[PDB]
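Structure first, commentary second.
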Amino acid sequence: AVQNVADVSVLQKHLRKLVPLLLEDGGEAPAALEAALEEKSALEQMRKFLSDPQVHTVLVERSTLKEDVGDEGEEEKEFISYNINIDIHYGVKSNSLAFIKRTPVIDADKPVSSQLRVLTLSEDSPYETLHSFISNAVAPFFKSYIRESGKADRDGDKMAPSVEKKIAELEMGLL
Amino acid sequence: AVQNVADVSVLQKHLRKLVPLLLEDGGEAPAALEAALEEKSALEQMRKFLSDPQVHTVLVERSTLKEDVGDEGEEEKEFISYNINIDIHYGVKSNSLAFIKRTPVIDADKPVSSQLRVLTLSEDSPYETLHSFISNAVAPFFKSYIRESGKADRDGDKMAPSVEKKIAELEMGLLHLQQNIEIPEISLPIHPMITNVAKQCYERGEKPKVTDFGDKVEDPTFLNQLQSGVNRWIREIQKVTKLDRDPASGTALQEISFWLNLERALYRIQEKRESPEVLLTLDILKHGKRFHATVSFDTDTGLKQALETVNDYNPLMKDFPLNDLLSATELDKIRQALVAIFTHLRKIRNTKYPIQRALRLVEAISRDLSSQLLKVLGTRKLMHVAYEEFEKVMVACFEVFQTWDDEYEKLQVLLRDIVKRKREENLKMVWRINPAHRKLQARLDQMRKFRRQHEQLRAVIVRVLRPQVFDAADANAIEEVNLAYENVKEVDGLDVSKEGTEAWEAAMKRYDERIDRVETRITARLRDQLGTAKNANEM
């Protein structure tokens, strides 16, 4: 929703201070993040994402580009870059951070970081990526909540055991 | 793989920088985090996490503890309480940060954040969250991965498209996500001091006044705290107000429960905010001209329009025949309730309701029928149901289904009436609906057929298979018809699996094989007995 909306500056600065801690494991914002700040297409797409409640998903793809080389027998160097993504895409040799509004309504007064839900992805293998992550994400948490919340004692939705079977077959197929 | 074990300090600093923004839009690594964060209880836990190439889950939370304080003056005191866990579960009144090692042992020399993925926890509705977020995170990503990897190009492995299909099964299979949590009301999430002061000023029975609050009646900090609490309460009631189960993916029982739940909740909240505490709070905040809170509360009700949306009570008019149906165990009562509920549906016309939602509810009714009538027929025990009684009960059930079909047709007429109404606004008018029971009825009707033929196959054996009424072929064929009848009788019954009908069809094509053996025998006896003349026993 749109009653109060966080500014481009504050959100982008938060992202600038946040990303290097992740895609550099505690590094500092590089020139790629500078371009991300200056990227007008990104500058508008993030405004659309923050404003529009139709889509609550956004993606930033710190991309590695095959930089040409002129060295003496040394293969081509890798150059860190940036990409903005309203949708999500199969990143290749390009690390990614996903931000989807945990709180669908958008408010500047509301903690935007606590208004957003954070995921990330480094390109090693999508198969094990999805499998292991959903496994150690929904196997313990979902089962714990359903068992301990008394829902296992509630017949209102026998939907939970069915989707437990669904989760199990998900993990089987993905592994 | 297994590599160097990381140290506490590096990841500790990383998470310390990451948390405070994610938790409360700042905080800059609060010491409450660091107290038990540095504690040996968490320290050995995380040493095991980094070292053991088998554990890949951890849950660091920080509950804003609702510390109940018994001292007079207020109700509760806001508190901070960092929490360490190695397993993940729904933290109550708190959001958490999970961390999954992508490498079974993680080191600092390679980027830790590269070898481990971050999850962050939702306390509002963790299930709806995880569902929607996993969907929006993997399904488009997985589709893009399939397209770029060319999984359709190499058909040697076709399991990735199937896992895409099962991901779709997950996402569109459950949307309710155990919806309709029956939250009818909550406590008062506002300033505690004003509440306790008004409580003590009214328990005396002397009408809590403007002045008894002292300067707090005009204190800017006190009034701002009142506004913040009122805004918290109004946001909570808006959140619970905007809730609406999707008509699909549920059931008519779910819809009626949803309707009644929202009805009683809106009643209790339309009777709750009128408590004198709320009234005096608003009055004394407006005393300092805190008009923003007043206009917000005036406009952020969000329930009025919902109240007229529920002001239709033909809902209950259909609900009662639904209850009769749920209690229905016999076909006559079943389509009696069908007639009544359809009449009430025709009576919904004067009321306002989402048309697509109404259609989805009709489909929910249709397959709820399918289910309960399946239960009824299984009760009838068609497994070895006798011939004539099978025909009788099937005629009954099939004419009840024809009554349902007439109800369906008149419902289409009502849909045309609904389109006539739609002429007032002219939105989408896509119409498509199909109860599964038809397929069920499919099997039903085809079973009637064999029953017919089998009857015809009995007396004629005494007539045509009997020698002019040979004995050896007669005996063989009567034995075969009896045994084939037995096998086809006990092969399937109330069984409603269509593949069960197919197996039955194999059994009856074998039946017809014996029958054609009989046809050959009887035609052979025919022709070898022919040639005499036309009259009677000759032709």
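We did not get these values from a lab; they are worked out from the coordinates using the rules stated. Every residue, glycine as well, gets a Cβ built from its backbone with ideal geometry; the counts of neighbours run over all protein chains shown.
Condition (residue is part of a loop (DSSP other than H, G, I, E, B), surrounded by fewer than 14 Cβ atoms within 10 Å (Cβ to Cβ) and of a type in the set (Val, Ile, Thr)) applied to the range B:71-83: is it met by at least one residue?
no
For B:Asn476, the stated conditions hold: it is surrounded by 13 or more Cβ atoms within 10 Å (Cβ to Cβ), polar (S, T, N, Q) and more than 38 Å from the chain's Cα centre (by Cα). Considering every residue within the range B:394-417, establish whether at least one is of a type in the set (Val, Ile, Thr) and not in a helix (DSSP H, G or I). The answer is no; no qualifying residue exists.
Yes/no matrix, rows are residues, columns are (1) within 8 Å of another protein chain (Cβ to nearest Cβ); (2) part of a helix (DSSP H, G or I):
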position: B:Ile88; (1), (2): yes, no
position: B:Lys93; (1), (2): no, no
position: B:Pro104; (1), (2): no, no
position: B:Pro140; (1), (2): yes, yes
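Considering the range B:487-522, the residues that are among the charged types (D, E, K, R) and not in a helix (DSSP H, G or I) include one that is nearest to B:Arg451 (Cα to Cα), namely B:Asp492. Selection of the range A:33-58 for residues being touching a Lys or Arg at 6+ places or on another chain (Cβ under 7 Å) and surrounded by fewer than 21 Cβ atoms within 10 Å (Cβ to Cβ) yields only A:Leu37. The residues of the range B:1-21 that are over 42 Å from the mean Cα position of the chain (by Cα), among the aliphatic types (A, V, I, L, M) and exposed (fewer than 13 other Cβ atoms within 10 Å of the Cβ) amount to a single one, B:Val2. If you check B:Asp153, B:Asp157, B:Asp124, which single one turns out to be within 8 Å of chain A (Cβ to nearest Cβ), of a type in the set (D, E, K, R) and assigned to a loop (DSSP other than H, G, I, E, B)? Unique residue meeting the criteria: B:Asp124. Considering (1) loosely packed, with under 15 Cβ neighbours inside 10 Å; (2) within 10 Å of chain A (Cβ to nearest Cβ), the lone condition that B:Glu24 does not fulfil carries the number (1).
B:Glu67 meets each of the listed conditions (1) closer than 25 Å to B:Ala31 by Cβ; (2) at the interface with chain A (Cβ under 10 Å from one of its Cβ atoms); (3) in a strand (DSSP E or B); (4) not β-branched (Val, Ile, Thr) apart from (2). Considering only residues in the range A:107-121 that are more than 7 Å from chain B (Cβ to nearest Cβ) and touching a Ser or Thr at 6+ places or on another chain (Cβ under 7 Å), the one that is nearest to B:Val58 (Cα to Cα) turns out to be A:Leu121.
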